[PDB]
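Engineer: Once you've had a glance at the structure underneath, I'll fire off some questions.
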Protein chains: 2
Amino acid sequence: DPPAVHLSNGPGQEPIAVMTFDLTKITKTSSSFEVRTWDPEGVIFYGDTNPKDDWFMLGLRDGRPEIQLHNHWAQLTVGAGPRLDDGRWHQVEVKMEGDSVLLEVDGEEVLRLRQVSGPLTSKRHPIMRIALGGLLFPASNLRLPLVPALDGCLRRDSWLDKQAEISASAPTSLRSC
Amino acid sequence: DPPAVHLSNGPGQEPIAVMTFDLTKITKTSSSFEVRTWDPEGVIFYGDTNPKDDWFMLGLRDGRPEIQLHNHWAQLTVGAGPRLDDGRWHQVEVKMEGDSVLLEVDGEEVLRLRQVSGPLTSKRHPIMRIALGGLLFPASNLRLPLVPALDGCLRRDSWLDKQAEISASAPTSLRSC
Ligand SMILES: C[C@]12CCC(=O)C[C@@H]1CC[C@@H]1[C@@H]2CC[C@]2(C)[C@@H](O)CC[C@@H]12
Ligand SMILES: C[C@]12CCC(=O)C[C@@H]1CC[C@@H]1[C@@H]2CC[C@]2(C)[C@@H](O)CC[C@@H]12
Ligand SMILES: [Ca+2]
Ligand SMILES: [Ca+2]
């Protein structure tokens, strides 16, 4: 089996990994991974350039994907797709394509948020953070609060553009599944 | 004894802790801690609002404090103070006072970088990061490269302003001394 990691560490709700990227170097604006869980609710990943007004979250709520986003063009809270809380590995892809954010699950397009973003490259503060398994702000600050901990597993993950990655958090924390 | 933590985890040079702060809420612009080491060289802490052009590092080089800083007003590489690599606990305080950054060691003022910063509050991108025990950029990007790992210990630490802290990294990583 390909190497999987725990999405939560237990008591605390701090992300298990944080990656930071130089925005002027991003050419690939998609992430993809595999996820397995029995948990109906929690954070799979969070991205931001600013935690007060340029941020994105993908989690589960009622076993289904949920996207929360606030940036200059769009502010939204959307559920879409099938229940992923069945203990089977699922393929997920999040892509930004033109002004749209796409969500793919198991090879199918399940959500397309159109006209939600201008070009990254020409963005207002050129550093983007990616956190896995939680937020980089307290849960009460979401548009719609959820309890962040997602007792699940992750593998085959690839975030945005490797060539633009400025830092990656200590991998001393990671816990194998 | 008050509880101490390892500044490095060993193989990797990733910071052992990352704290992020809302700049419009900072009222206390100082940090202070205690440090004990036999290591002549490495990073004690790094701060930034942007890792490409608004960043600060405090480490040791030849057993002495070294500050590296690049922001809009100042770009500099300065050694000052006594050797701290003697295996005794040392008190250190880093303070910003008006346009000056002060460095105190064991209750004495050893360095004052004057006219190196305008007001934080009215700053160009309101999120500051603090990393302990390494940088949030590769070492080759410093003004003057050093091997970041500092095999040392830290206690009684307090960073900037607690009331402005947006996130603190998972404390699952921390290793007691
Ligand atoms: C979903 C995207 C784009 C595609 C993907 O790989 C994940 C990443 C997560 C951060 C998002 C980004 C789209 C643009 C956003 C929503 C910015 O406005 C703020 C955070 C960004
Ligand atoms: C030293 C200070 C200010 C005082 C202290 O508590 C640590 C903190 C580390 C980040 C520094 C900051 C002074 C202002 C700087 C140098 C900004 O320009 C960029 C990073 C900042
Ligand atoms: Ca949960
Ligand atoms: Ca060293």
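Every chain in the structure tokens has a letter given in the order shown (A, B, ...), and although residue numbers restart at 1 in each chain, ligands are simply numbered from 1 in the order shown.
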Write down, as a PyMOL selection string, each residue of chain A that has any atom within 7 Å of an atom of chain B, counting only C-alpha atoms.

Structural biologist: chain A and resi 14-15+136-137+166-167+169-170+172-173

Engineer: When DSSP is applied to the backbone of this structure, which of stretch 34-122 of chain A are assigned strand (DSSP E)? Write them out as a PyMOL selection string.

Structural biologist: chain A and resi 34-37+42-50+54-61+64-70+75-79+90-97+100-105+108-113

Engineer: With a distance cut-off of 7 Å and only C-alpha atoms, select the neighbouring residues of residue A:94, excluding the residue or stretch itself and same-chain residues fewer than 4 positions from it, and output the selection as a VMD selection string.

Structural biologist: chain A and resid 30 to 32 102 to 104

Engineer: Mind dumping a table of every chain B residue within 8 Å of ligand 4, with the nearest atom pair and its distance in Å to one decimal, using only C-alpha atoms and all ligand atoms, sorted by chain and rising number, as JSON lines?

Structural biologist:
```
{"residue": "B:39", "atom": "CA", "partner": "ligand 4", "partner_atom_place_in_ligand_line": "1 (Ca)", "distance": 5.2}
{"residue": "B:40", "atom": "CA", "partner": "ligand 4", "partner_atom_place_in_ligand_line": "1 (Ca)", "distance": 6.0}
{"residue": "B:41", "atom": "CA", "partner": "ligand 4", "partner_atom_place_in_ligand_line": "1 (Ca)", "distance": 4.1}
{"residue": "B:42", "atom": "CA", "partner": "ligand 4", "partner_atom_place_in_ligand_line": "1 (Ca)", "distance": 4.4}
{"residue": "B:43", "atom": "CA", "partner": "ligand 4", "partner_atom_place_in_ligand_line": "1 (Ca)", "distance": 7.8}
{"residue": "B:147", "atom": "CA", "partner": "ligand 4", "partner_atom_place_in_ligand_line": "1 (Ca)", "distance": 6.3}
{"residue": "B:148", "atom": "CA", "partner": "ligand 4", "partner_atom_place_in_ligand_line": "1 (Ca)", "distance": 6.3}
{"residue": "B:149", "atom": "CA", "partner": "ligand 4", "partner_atom_place_in_ligand_line": "1 (Ca)", "distance": 4.6}
{"residue": "B:150", "atom": "CA", "partner": "ligand 4", "partner_atom_place_in_ligand_line": "1 (Ca)", "distance": 4.2}
{"residue": "B:151", "atom": "CA", "partner": "ligand 4", "partner_atom_place_in_ligand_line": "1 (Ca)", "distance": 6.0}
```

Engineer: Tell me, in Å to one decimal, how far atom 15 (C, counted along the ligand's line) of ligand 1 is from atom CA of residue A:120.

Structural biologist: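 For atom 15 (C, counted along the ligand's line) of ligand 1 relative to atom CA of residue A:120, the distance reads 7.8 Å.
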
Engineer: To check your reading of the model: which residues sit at most 6 Å from ligand 2 when counting only C-alpha atoms and all ligand atoms? Write the answer as a PyMOL selection string.

Structural biologist: chain B and resi 29-31+47-49+54-56+71+94-96+117+160

Engineer: Could you work out how far atom 6 (O, counted along the ligand's line) of ligand 1 lies from atom CA of residue A:153, giving the answer in Å with one decimal?

Structural biologist: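 Pair atom CA of residue A:153 / atom 6 (O, counted along the ligand's line) of ligand 1 returns 18.9 Å.
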
Engineer: Between atom CA of residue B:134 and atom CA of residue B:44, what is the distance, to one decimal in Å?

Structural biologist: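 Calculated distance between atom CA of residue B:134 and atom CA of residue B:44 is 6.8 Å.
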
Engineer: Would you pick out the contacts of residue A:79 at 8 Å or less, using only C-alpha atoms, so that residues sharing its chain but fewer than 4 positions from it are not included, and give the list as number ranges by chain?

Structural biologist: A: 61, 64-67

Engineer: Which residues, written as a list in words, have at least one atom at most 8 Å from residue A:112, with only C-alpha atoms counted and residues fewer than 2 positions away on the same chain left out?

Structural biologist: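 Counting only C-alpha atoms, the residues come to residues 100, 101, 102, 103, 109, 110 and 114 of chain A.
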
Engineer: Need to verify the contact set: residue B:161, 7 Å, only C-alpha atoms, exclusion of same-chain residues closer than 6 positions in sequence. Can you return it as a VMD selection string?

Structural biologist: chain B and resid 26 to 29

Engineer: Hey, can you spit out that residue selection with C-alpha atoms as a PDB file, in the first residue's frame?

Structural biologist:
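Listed below is the output, selection-v7.pdb:
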```
ATOM      1  CA  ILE B  26      -0.520  43.815  18.382  1.00  0.00           C
ATOM      2  CA  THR B  27       0.030  46.197  21.337  1.00  0.00           C
ATOM      3  CA  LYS B  28       3.087  44.428  22.773  1.00  0.00           C
ATOM      4  CA  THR B  29       5.937  44.321  20.283  1.00  0.00           C
TER       5      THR B  29
END
```

Engineer: Identify which of the residues A:133, A:118, A:87, A:3 lies closest to ligand 1, counting only C-alpha atoms and all ligand atoms when measuring atom-to-atom distances.

Structural biologist: A:118
